[PDB]
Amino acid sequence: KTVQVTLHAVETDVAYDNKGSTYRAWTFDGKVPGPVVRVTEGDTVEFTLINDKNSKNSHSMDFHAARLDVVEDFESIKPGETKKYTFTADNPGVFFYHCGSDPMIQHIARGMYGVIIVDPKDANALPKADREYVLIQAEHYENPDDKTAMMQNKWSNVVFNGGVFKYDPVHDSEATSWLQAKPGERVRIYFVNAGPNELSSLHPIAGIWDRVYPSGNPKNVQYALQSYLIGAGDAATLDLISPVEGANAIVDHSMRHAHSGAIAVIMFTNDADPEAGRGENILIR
């Protein structure tokens, strides 16, 4: 099928922690991360980018699910301009998308990143998930204008979905979000490491990855991994099943990253919200 996707490059204030501290973000659609894009393998994506008239910078769009021309297709457009391009999603899995404007380190760091999920055309290629969650790791830099600090990898926090300990109510009493599932259910994590710079060594504390799929591709399946290494600009699908009620903590096991905000708690309970990890709730905002 043919799907139409329109995103707006918007420069606006967004929250980055649980106390409501704000940041001068650059975004797709006024939020960090950008909207989840979801298509089926083989679908035609008609993409439109609108750079908001109030933006002070040129912006662009790069989909890792696209096979196109970097020069013409991923070109930067000025505030007030609109760009269109079309691509087929040739490969199933999970893919990073981000602004490709100069310099990419800053456009990514300021929040212009998201995920495109490409469901396999074969519905039985992956085992059936009972829950799905999107987690996108990124480094947070204190001064969004300081490109030197970014080049030197001097981040202040490492976060999931734009927030320091956004999903950790165990550590942070001010955290208001967490992942939910029932014991025995297959929880599918769509993970993207946006970077811009750092690696992620993703581990579920008190659990194990049942299956891991590099780039989300069913052909690359690995089994029963305690940890999985996701480079900057890479993505994977990771399945998790708890045999008991309680919690796991999804962490970047590079402890300095974890202690800086990269911990997401999943609660396994018999009374899990039936709407959690389903429909529009896969990226918890």
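The first residue of the sequence shown is number 1, and the count goes up from there.
Legend: mean Cα B-factor per stretch from the PDB entry, 222 to 230 versus 40 to 48; the higher mean is in 40 to 48. Annotation for 15 to 23 versus 261 to 269: the higher mean temperature factor (C-alpha) is found in 15 to 23. Note on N217, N248, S254, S55: the highest value goes to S55, judged by CA B factor as recorded. As recorded in the PDB entry, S177 shows the highest C-alpha B-factor of the residues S177, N193, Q106, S201. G207: CA B factor in the lowest third of modelled residues in this chain (values from the PDB entry). Per-chain ranking of the deposited C-alpha B factor places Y133 in the lowest third. Per the PDB record, residue ranking by Cα B-factor puts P169 in the highest third of the chain. Looking at the C-alpha B-factors along this chain, the one for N124 belongs to the highest third. In the deposited entry, the Cα temperature factor of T148 sits in the middle third of values across the chain's modelled residues.
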